[PDB]
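*Asks:* Here it is, the structure, as structure tokens.
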Amino acid sequence: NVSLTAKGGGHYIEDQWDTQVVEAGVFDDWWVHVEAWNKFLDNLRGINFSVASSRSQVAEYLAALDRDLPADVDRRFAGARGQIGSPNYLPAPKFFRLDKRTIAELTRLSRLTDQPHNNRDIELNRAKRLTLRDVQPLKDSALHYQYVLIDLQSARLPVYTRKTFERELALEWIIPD
Amino acid sequence: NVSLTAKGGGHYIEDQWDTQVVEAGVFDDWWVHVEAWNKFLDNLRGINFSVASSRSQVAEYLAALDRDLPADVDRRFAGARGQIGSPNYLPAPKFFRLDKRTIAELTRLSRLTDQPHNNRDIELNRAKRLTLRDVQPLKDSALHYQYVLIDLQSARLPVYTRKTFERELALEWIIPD
Amino acid sequence: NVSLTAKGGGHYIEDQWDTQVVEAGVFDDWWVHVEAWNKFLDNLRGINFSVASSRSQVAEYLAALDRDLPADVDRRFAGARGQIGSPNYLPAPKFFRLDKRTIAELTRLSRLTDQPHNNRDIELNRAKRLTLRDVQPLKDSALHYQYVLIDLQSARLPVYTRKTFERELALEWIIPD
Amino acid sequence: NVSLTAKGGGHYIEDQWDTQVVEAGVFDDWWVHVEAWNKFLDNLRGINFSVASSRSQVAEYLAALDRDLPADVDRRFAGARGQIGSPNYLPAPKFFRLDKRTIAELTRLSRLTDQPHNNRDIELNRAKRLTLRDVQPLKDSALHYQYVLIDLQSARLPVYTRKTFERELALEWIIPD
Amino acid sequence: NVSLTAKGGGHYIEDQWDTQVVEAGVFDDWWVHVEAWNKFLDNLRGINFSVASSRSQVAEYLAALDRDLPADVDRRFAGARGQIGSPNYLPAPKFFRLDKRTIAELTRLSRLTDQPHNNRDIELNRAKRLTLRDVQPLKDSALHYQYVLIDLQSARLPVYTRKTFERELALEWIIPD
Amino acid sequence: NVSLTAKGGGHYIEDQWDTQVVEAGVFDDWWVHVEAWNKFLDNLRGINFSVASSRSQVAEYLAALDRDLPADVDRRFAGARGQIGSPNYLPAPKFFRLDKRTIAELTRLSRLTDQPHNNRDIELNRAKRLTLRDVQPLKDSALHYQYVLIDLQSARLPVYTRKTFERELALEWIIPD
Amino acid sequence: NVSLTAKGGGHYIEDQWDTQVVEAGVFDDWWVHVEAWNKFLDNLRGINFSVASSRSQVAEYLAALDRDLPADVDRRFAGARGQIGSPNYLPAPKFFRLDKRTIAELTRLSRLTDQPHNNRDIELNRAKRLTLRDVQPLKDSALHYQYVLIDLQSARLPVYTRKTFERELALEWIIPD
Amino acid sequence: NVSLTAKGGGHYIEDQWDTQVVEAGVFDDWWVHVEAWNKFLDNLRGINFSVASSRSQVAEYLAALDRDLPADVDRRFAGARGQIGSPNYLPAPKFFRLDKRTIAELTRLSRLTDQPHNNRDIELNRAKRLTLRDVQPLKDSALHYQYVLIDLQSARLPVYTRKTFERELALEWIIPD
Amino acid sequence: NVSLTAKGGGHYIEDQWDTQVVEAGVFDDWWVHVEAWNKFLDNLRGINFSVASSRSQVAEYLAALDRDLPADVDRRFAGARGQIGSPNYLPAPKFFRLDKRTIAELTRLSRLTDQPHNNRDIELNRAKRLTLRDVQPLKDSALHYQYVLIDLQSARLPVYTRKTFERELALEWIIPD
Amino acid sequence: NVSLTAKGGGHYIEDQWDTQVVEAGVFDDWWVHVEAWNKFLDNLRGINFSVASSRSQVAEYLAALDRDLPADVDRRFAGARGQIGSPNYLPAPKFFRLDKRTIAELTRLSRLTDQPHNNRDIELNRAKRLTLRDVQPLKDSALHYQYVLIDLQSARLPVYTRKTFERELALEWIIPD
Amino acid sequence: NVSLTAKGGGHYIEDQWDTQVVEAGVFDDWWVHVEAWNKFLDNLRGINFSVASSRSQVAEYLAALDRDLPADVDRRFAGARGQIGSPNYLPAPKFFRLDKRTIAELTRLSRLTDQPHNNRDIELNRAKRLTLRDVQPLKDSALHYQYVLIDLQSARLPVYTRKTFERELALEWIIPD
């Protein structure tokens, strides 16, 4: 979970954090790492309808993606620590604000994926000794998938650095006394 | 159950607690931990219709989620104890007020899940020696599930800290004499 | 049965207890403990239609829930005994007044549950050597269940402490002479 | 991932990088190497509908293509280091700015490719001992493929060198003091 | 039987013991030792359906578990005797109040276990000289077991020390005159 | 059983231990050692369905895992005793708080494992002189195992040191007078 | 277990170790040696489905791989001790942070491997005196293996030296006074 | 393992090695010797599907191929030491950078090779005294092999000398003071 | 029989001995010496099913094990007499309280051992002049033995010294007047 | 029995020995000498199933292994007595704490070994004048042996010196006054 | 046993030996001499399945191989004593650290070797006056042998001199004062 920045130094004033960032309007609002989100993106490009265990994979990743908000005062929104120029830099984390509309779209995928099933035939028709099977209820889903996903990739979402997160919501870091 | 804060110190005046918080309007009203609720969220993302024991899992979690209200005078609404800055902080608990409408929605899921069944065929057609089975009564449910759940995730619910719970309902903590 | 408070000290005047609390209007009117009722609630969330012994469980709990009224003069409506502040408190019992309408709803569940049956087939078709079975008379019940229960959870019922039970019905405790 | 140029020397001023290149308008916007993209191109020319494992190949390459943006201050947009004339040159990298419209086209291919299937027949009709099979749902796809791809090759996309990337978006490299 | 504390010193007043603890509401209500109950727990985790003598073990333990209530005036509810700090302490006994509902659940296990049988075949088909046998009536039981037991472990039951048993039911110990 | 720290020195105040740690909310709640739990983990990775005596091994370990809570006043939550720097340190014990939900999951494994059986055939068909056998009722279990276990490993559980156990539940150690 | 670096010298401040590295976010998170992990990699390349004892080998290695985290204050994250240039160097250990998603993938392999079986036929059909056998339940697994493994090799995981482990999580080593 | 060049002389600056070559982007990225790789190539040209022990040969070589990266500061990327002209030269090592895509292709071969099997028939039908056998599941594999291999040979991969490895990633060798 | 400590000195008060130790709750409850019990343990490890006279050995030892309770007022629970330090010490006896459940387990062994028999054949088939014999009714017993015994060894039983036996049951020794 | 260190000097305080080492948690817990245990190890490597008298050897050694705990106050945990440097040293004893789980594993071997038998045939078929014999009930055991033993060798158990035994359980040696 | 180096001179500091080399992580970890191990290697190359006494030879050597760790302070890890150049040198001992995985592999061989048997036929069918015999249970073993051994030879294990053993684990030799 992306809370990789030291607790200490401190701190958000606690008049505004209460007011603006917690209580209403950030948290319980999702956050994924850039060049960590992309990876999420392709696990799903990227998937074969249909063999089982290749479908349960959609469900699996969304947990542990990993998804959190990094600054929890006493924390700074991750930066990250280097001087410009000298080669110990670690230049920034950039984070994605997914929106009230989309997490409920990512969700759509998670159970656009599996459908109630009659699989157990194998323990029947084939093994003690036909069926073939029906495919269609998959096919439409496999296509429904292609759209809900082609939206996901082609949907320019807001990026946020430490520089921005203090600007968009004004919070002061209050450096020691 | 989230009653993690010391009994002692005390106490809510007992003129208002009786009046406002107990008797009518909080209790018997649910409360789940943030970043503890989310986890609830994904156990359910997050589920395969249909194999048994993957359906009874919805029922199972809602008990022990865990769900309670933390301040019971003599108790303070959990805070939690640290000074800002110095790295022994434990910064806050933030709690979800689910609403008279939703607990009866979470409930919907719990028994949107299982349906009366003819499973015992296995002890018949297959084992002493076909059936296949019928799927449809599952399928619709599996889709009914996808909606009642896509509401759950995309439903911005009220968050409450110690700072807020004394403000929204005014109670005084009455520090020793 | 929630009669956990000492007999002794005494007592309700016996002019009003006769008049108001016994004779007509409380007793034979049900009472369940809070955070003891909830538990009742989830045993039933919380149940699989259909395997037997998972249905007889509804019937079983309603007896021993446990259900009684706590003050029987010479008794005080349970309080309970602690000073505020000092950590030997036991802060209150809060009790649910279920209503003439609902106990006859909880009842509905108890025998919404089982139905006359042809089970004994197992001792026939399957064991000396098919049937499958019919499910439908269960299915509707399983859904009838989901409603009579989704009312139960989402039905804000009156809570009562010692503070309230003497106020709503005025009784004096008559402390020794 | 094409970040082949030394971290060090530094650096983009950090007034404009924040403003123009990160935050909004480059990143999360794709970048493929020239004469590295072409190779991508022909893996797909270049493919046989239908044998399996010859279809999963579309999915596979798009990850690891490889795709990234090279300058992350403190980094210079790769150049690359040689003097003109003397035979240690490494003359330039030239990079493709694919567009909001196309990555969602490349995506189209990735799952224009596989479709829900009834393959498991082989473990049936043929192996324990006909079917033939149906082809048509492939055929149309195989043709749908030919168009979405004939666009890809015949779509002149913007090339960018170090010389250009500082011109199109004005950033200064700030050489030591 | 957990009556390990000296008879003597005395005594419960005998106005309340009669009233509250004996007569109605404790006794004939079960009591098992903590870290003595757990052991009970795992003898049953913890069992193989099916070989005989591995099933009669459920029956066997519940007697001698051991189960009793410790204070019988003239007795103190076991404490136990040490000063804090100095290393002859014996710090407390903590006891489980199992409930009217559960002892009738523990019972369920005891004869969920054995079933009427045709074992004597061995003295027939096999020894003077086939049968195999039927398993199914075991199998369901073995699964019925898994649930009635998974309730037992995951059922947080009330713990009681000397400190509590005098508080929950108010009794005075009456130290010599 | 992890009670490895000296009785003596003392002691938890006994106002809070009664209140918070015993009575309700820790005990009867499980505790396994880190890098002692892992070992538990792999005994189960780690197991062959099916040969007998390779299945009874699941049952066997869970007892003696070993599982207890270490501080029982008069005891300190194990630390452990060294100065920083000088090489007689023994740096800490870190302990796992498994949850009301999981011990009833670990339990699931214990009897997900064995099933009622017809083994005794060997003393028949084969030895006095076929059968083969049926495998399927194992196979599903072996797969059911793979999931209930893949949850166990991939379930980040709370770690607790002496530093934390006094913070999360506030108890004072009361050093001699 | 890779704890090869001297205890002594000391030490991590113990304000941050508690905060950041232990408690939550490293430990119970896996760590394998580079050019020690690779070896793990090929034991599994690298395996024949199916002869027994060539399948139990997957299970066997994952224990003792060997897997631990090296710095436990008072310990330094292994370095390792040499001056640059002079030929007694031992240049670094580089370690793999496997992720919450993957250890539950490595696990998948461990019991993707064995399946419930009817082997004992050999002691029957063949030895006292046919069967052949069925292969298919292996075959699919053998292919399922090929994918879960082709992910393992082609999954660029994070490498960490002493230089990095203090940077990514900021800890100070506190050299003697 | 190709680390044939003296440790000593030294050394890579350790500002860039950390930055560029280790940490992310070379290591855990494979390296095979030229005119040592070719040999690998033909062991596989070069193989008979199917006799056993002629298939396990694919698996065997990939370990010990041998595969490593040669410069580990304090090491120089192998050169190798001679003056031009005078006949003690040893002119260069040239190394292959296989890519994230291909090692997962070489892997494909390793277990494209063996399949779950019914071989043990020989100990049956033939030896105690038909079967013939089935070939097809081999045949397709033998052809699948021919393609995944005809890619391997006809895939021009990047060659790297000492001259290049310092140019492509800029590292300085820092000759004594 | 372990009554090795002088009669004399005296004595247990005879108000408590009657009350607590005799009458009900110690005696007729077994007691074996430590490092005298172990020896019992291995005589049984430790035994060959089956030759006669190697089976009657189980029966034989349990009598004379030897088993008794040592203090019979006027007796002190054996101590034993030495000063600390000076080398005439005899430091303690430590005794095992076997439980109502186990003596009936040790018993199980005693006649798990022999079974009704047809031995006398030897005086027939073999001596005046075949039979072989049947083994199976032994074999199962020999295995039944292995379990009832593997419980015995791995069952941590309570140890008791003089220091403890006066603490667990409070008795005073009453030294002369 | 490893009690090789002089009685005298003295002594463990007798407040802690009672508390911690005896009573509960060491004794009746096994202890074998290092480089004395190994020898045990190979007597069993190391054994031929099957000729009799080569099987009774497992049983025989476990008694007299030899197994005891060395310090019995008044005793010091054996050290052993030498000064460093001067060649009369006897440097340490190091001892193995086998665990509640393993002694019940070593036990397994002891009677994994012998099985009820029909040997006496020799006095029949062969000597007064065929049989051959049956082997299988041995064979499986011989293999069952190979596993329960391959655990024994590859199970890193805790080593303890005098230095450690006073640290892990804190006891003071109390040197004369 | 390779403890060939004088006791005397001394000594390992005894702060680190306790910490690092003994207690946990070397001892009970095996050690074989180079060009003494090889010899072990070929006794096993090197063996004929099957004649008896040519199989018991595997078992025999592993004891007395010989296997120990040479430095036991007060001892130096054997060196060995000569000056470079002058022809009384004895240049080094180099030792093999076999691993937790392999000693349990060498073990495999030891009882991969013998199997329960029916040999005694010779005293029957052949000598008083056919059988032939069955070979197969040997044959597979003889092949199982060939693999577990072809791993042993082709498994590059770590070599250690005095120079290395003080470097890998840092211990100081402390030369007289």
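Following the order of the structure tokens, chains are lettered A, B, ..., residues in each are numbered from 1, and ligands are numbered from 1.
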Could you name the residues that touch residue 136 of chain E at 9 Å or less, counting only C-alpha atoms, but leaving out those on the same chain fewer than 5 positions away, as a list in words?
*Replies:*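 Listed by chain and then number, they are residues 123 of chain B; 141 of chain E; 116 and 117 of chain F.
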*Asks:* Those selected residues, please, written with C-alpha atoms and delivered as a tab-separated table (two decimals), in the first residue's frame.
*Replies:*
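Output saved as part.tsv:
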chain	number	residue	atom	x	y	z
B	123	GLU	CA	-25.00	-38.62	-4.56
E	141	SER	CA	-22.00	-36.43	9.03
F	116	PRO	CA	-14.96	-40.82	5.56
F	117	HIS	CA	-13.43	-43.60	3.74
*Asks:* List as a list in words the protein and nucleic acid residues near segment 154-162 of chain C, meaning an atom at most 6 Å away when only C-alpha atoms are counted, but skip any in the same chain fewer than 3 places from it.
*Replies:*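 Residues meeting the cut-off are residues 23 and 104 of chain B; 77, 79, 94, 95, 96, 97, 151 and 165 of chain C.
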*Asks:* Which of these, A:173, A:153, A:69, A:122, has the shortest distance to residue 93 of chain A once you count only C-alpha atoms?
*Replies:* A:69
*Asks:* Can you list, as JSON, numbers by chain, every residue of segment 123-164 of chain A that DSSP puts in helix (DSSP H, G or I)?
*Replies:* {"A": [123, 136, 137, 138, 139, 140, 141, 142, 143, 144, 145, 146, 147, 148, 149, 150, 151, 152, 153, 162, 163, 164]}
*Asks:* Please identify the strand (DSSP E) residues within segment 16-140 of chain F (assignment by DSSP from backbone atoms) and present them as a PyMOL selection string.
*Replies:* chain F and resi 32-33+95-96
*Asks:* Excluding residue 138 of chain E and its own-chain neighbours fewer than 2 positions away, which residues fall within 9 Å of it when counting only C-alpha atoms? Please give them as a list in words.
*Replies:*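 In the requested form, the answer reads residues 49, 50, 113, 114, 115, 134, 135, 136, 140, 141, 142 and 143 of chain E; 115, 116 and 117 of chain F.
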*Asks:* Go ahead and save the residues from that selection, with N, CA, C and O atoms, as a PDB file, in the first residue's frame.
*Replies:*
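Ended up saving to out-v1.pdb:
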ATOM      1  N   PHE E  49     -13.090 -38.941  10.893  1.00  0.00           N
ATOM      2  CA  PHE E  49     -14.153 -39.726  10.288  1.00  0.00           C
ATOM      3  C   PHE E  49     -13.575 -40.359   9.020  1.00  0.00           C
ATOM      4  O   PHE E  49     -13.223 -39.638   8.085  1.00  0.00           O
ATOM      5  N   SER E  50     -13.464 -41.689   8.981  1.00  0.00           N
ATOM      6  CA  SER E  50     -13.934 -42.544  10.060  1.00  0.00           C
ATOM      7  C   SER E  50     -13.081 -43.790  10.291  1.00  0.00           C
ATOM      8  O   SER E  50     -12.883 -44.606   9.387  1.00  0.00           O
ATOM      9  N   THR E 113     -21.763 -37.886  16.061  1.00  0.00           N
ATOM     10  CA  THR E 113     -20.607 -38.734  15.845  1.00  0.00           C
ATOM     11  C   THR E 113     -20.915 -40.187  15.461  1.00  0.00           C
ATOM     12  O   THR E 113     -20.504 -40.622  14.384  1.00  0.00           O
ATOM     13  N   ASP E 114     -21.617 -40.949  16.309  1.00  0.00           N
ATOM     14  CA  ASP E 114     -21.853 -42.368  15.974  1.00  0.00           C
ATOM     15  C   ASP E 114     -23.244 -42.592  15.359  1.00  0.00           C
ATOM     16  O   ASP E 114     -24.157 -41.800  15.553  1.00  0.00           O
ATOM     17  N   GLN E 115     -23.268 -43.609  14.508  1.00  0.00           N
ATOM     18  CA  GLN E 115     -24.440 -44.022  13.783  1.00  0.00           C
ATOM     19  C   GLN E 115     -24.470 -45.539  13.753  1.00  0.00           C
ATOM     20  O   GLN E 115     -23.441 -46.214  13.718  1.00  0.00           O
ATOM     21  N   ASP E 134     -20.388 -49.213   2.360  1.00  0.00           N
ATOM     22  CA  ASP E 134     -20.919 -47.926   1.926  1.00  0.00           C
ATOM     23  C   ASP E 134     -20.400 -46.861   2.881  1.00  0.00           C
ATOM     24  O   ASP E 134     -20.298 -47.087   4.089  1.00  0.00           O
ATOM     25  N   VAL E 135     -20.065 -45.702   2.329  1.00  0.00           N
ATOM     26  CA  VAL E 135     -19.433 -44.642   3.100  1.00  0.00           C
ATOM     27  C   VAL E 135     -20.386 -43.474   3.344  1.00  0.00           C
ATOM     28  O   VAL E 135     -20.383 -42.882   4.421  1.00  0.00           O
ATOM     29  N   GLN E 136     -21.217 -43.171   2.349  1.00  0.00           N
ATOM     30  CA  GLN E 136     -22.019 -41.942   2.309  1.00  0.00           C
ATOM     31  C   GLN E 136     -22.675 -41.481   3.633  1.00  0.00           C
ATOM     32  O   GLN E 136     -22.566 -40.300   3.982  1.00  0.00           O
ATOM     33  N   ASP E 140     -21.651 -37.209   4.964  1.00  0.00           N
ATOM     34  CA  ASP E 140     -22.492 -36.061   5.280  1.00  0.00           C
ATOM     35  C   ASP E 140     -22.299 -35.655   6.735  1.00  0.00           C
ATOM     36  O   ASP E 140     -22.248 -34.469   7.060  1.00  0.00           O
ATOM     37  N   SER E 141     -22.189 -36.654   7.604  1.00  0.00           N
ATOM     38  CA  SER E 141     -21.996 -36.425   9.025  1.00  0.00           C
ATOM     39  C   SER E 141     -20.664 -35.727   9.247  1.00  0.00           C
ATOM     40  O   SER E 141     -20.570 -34.757  10.000  1.00  0.00           O
ATOM     41  N   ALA E 142     -19.639 -36.228   8.565  1.00  0.00           N
ATOM     42  CA  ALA E 142     -18.306 -35.659   8.646  1.00  0.00           C
ATOM     43  C   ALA E 142     -18.319 -34.191   8.249  1.00  0.00           C
ATOM     44  O   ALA E 142     -17.517 -33.402   8.743  1.00  0.00           O
ATOM     45  N   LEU E 143     -19.230 -33.825   7.350  1.00  0.00           N
ATOM     46  CA  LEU E 143     -19.354 -32.434   6.937  1.00  0.00           C
ATOM     47  C   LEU E 143     -20.253 -31.663   7.892  1.00  0.00           C
ATOM     48  O   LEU E 143     -19.992 -30.502   8.193  1.00  0.00           O
TER      49      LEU E 143
ATOM     50  N   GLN F 115     -11.757 -37.264   5.182  1.00  0.00           N
ATOM     51  CA  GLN F 115     -13.086 -37.636   4.774  1.00  0.00           C
ATOM     52  C   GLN F 115     -13.259 -39.124   5.020  1.00  0.00           C
ATOM     53  O   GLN F 115     -12.325 -39.918   4.914  1.00  0.00           O
ATOM     54  N   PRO F 116     -14.488 -39.468   5.347  1.00  0.00           N
ATOM     55  CA  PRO F 116     -14.961 -40.824   5.564  1.00  0.00           C
ATOM     56  C   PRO F 116     -14.774 -41.578   4.278  1.00  0.00           C
ATOM     57  O   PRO F 116     -14.965 -41.102   3.160  1.00  0.00           O
ATOM     58  N   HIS F 117     -14.389 -42.813   4.506  1.00  0.00           N
ATOM     59  CA  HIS F 117     -13.429 -43.601   3.741  1.00  0.00           C
ATOM     60  C   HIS F 117     -13.839 -45.075   3.672  1.00  0.00           C
ATOM     61  O   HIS F 117     -14.664 -45.529   4.462  1.00  0.00           O
TER      62      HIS F 117
END
*Asks:* I need the chain B residues near chain G as a PyMOL selection string; criterion: at most 10 Å, counting only C-alpha atoms.
*Replies:* chain B and resi 86-90
*Asks:* Residues at most 8 Å from residue 108 of chain K, counting only C-alpha atoms, excluding those fewer than 5 positions away in the same chain, as a ChimeraX atom specification?
*Replies:* /J:146,150 /K:148
*Asks:* Those same residues, written as an mmCIF file, in the first residue's frame with N, CA, C and O atoms?
*Replies:*
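Output file again-v1.cif follows:
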data_model
loop_
_atom_site.group_PDB
_atom_site.id
_atom_site.type_symbol
_atom_site.label_atom_id
_atom_site.label_comp_id
_atom_site.auth_asym_id
_atom_site.auth_seq_id
_atom_site.Cartn_x
_atom_site.Cartn_y
_atom_site.Cartn_z
ATOM 1 N N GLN J 146 11.383 -43.608 5.359
ATOM 2 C CA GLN J 146 12.279 -42.711 4.635
ATOM 3 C C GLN J 146 11.853 -41.250 4.747
ATOM 4 O O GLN J 146 12.683 -40.349 4.653
ATOM 5 N N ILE J 150 13.657 -38.370 6.877
ATOM 6 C CA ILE J 150 14.220 -37.273 6.089
ATOM 7 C C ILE J 150 13.736 -35.932 6.645
ATOM 8 O O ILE J 150 14.301 -34.884 6.332
ATOM 9 N N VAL K 148 19.152 -38.789 -8.454
ATOM 10 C CA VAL K 148 19.518 -38.183 -7.174
ATOM 11 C C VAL K 148 21.039 -38.094 -7.026
ATOM 12 O O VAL K 148 21.555 -37.263 -6.279
#
*Asks:* Quick one, how far is atom CA of residue 164 of chain H from atom CA of residue 42 of chain D?
*Replies:*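 Computing the Euclidean distance for atom CA of residue 164 of chain H and atom CA of residue 42 of chain D yields 27.9 Å.
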*Asks:* Interatomic distance between atom CA of residue 51 of chain C and atom CA of residue 100 of chain F?
*Replies:*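 Atom CA of residue 100 of chain F lies 25.1 Å from atom CA of residue 51 of chain C.
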*Asks:* Report as a list in words all protein, DNA and RNA residues lying within 12 Å of residue 60 of chain C, evaluated on only C-alpha atoms, omitting residues in the same chain fewer than 2 positions from it.
*Replies:*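 Contacts, with the query itself left out: residues 40, 43, 44, 53, 54, 55, 56, 57, 58, 62, 63, 64, 65, 66, 107, 109, 110, 111 and 113 of chain C; 100, 101, 102, 104 and 105 of chain E.
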*Asks:* Give me the residues within 12 Å of residue 73 of chain A as a count of residues only, counting only C-alpha atoms and dropping any in the same chain fewer than 3 places off.
*Replies:* 36
*Asks:* Distance atom CA of residue 38 of chain K-atom CA of residue 103 of chain K, one decimal place?
*Replies:*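 Computing it gives 15.6 Å between the two atoms.
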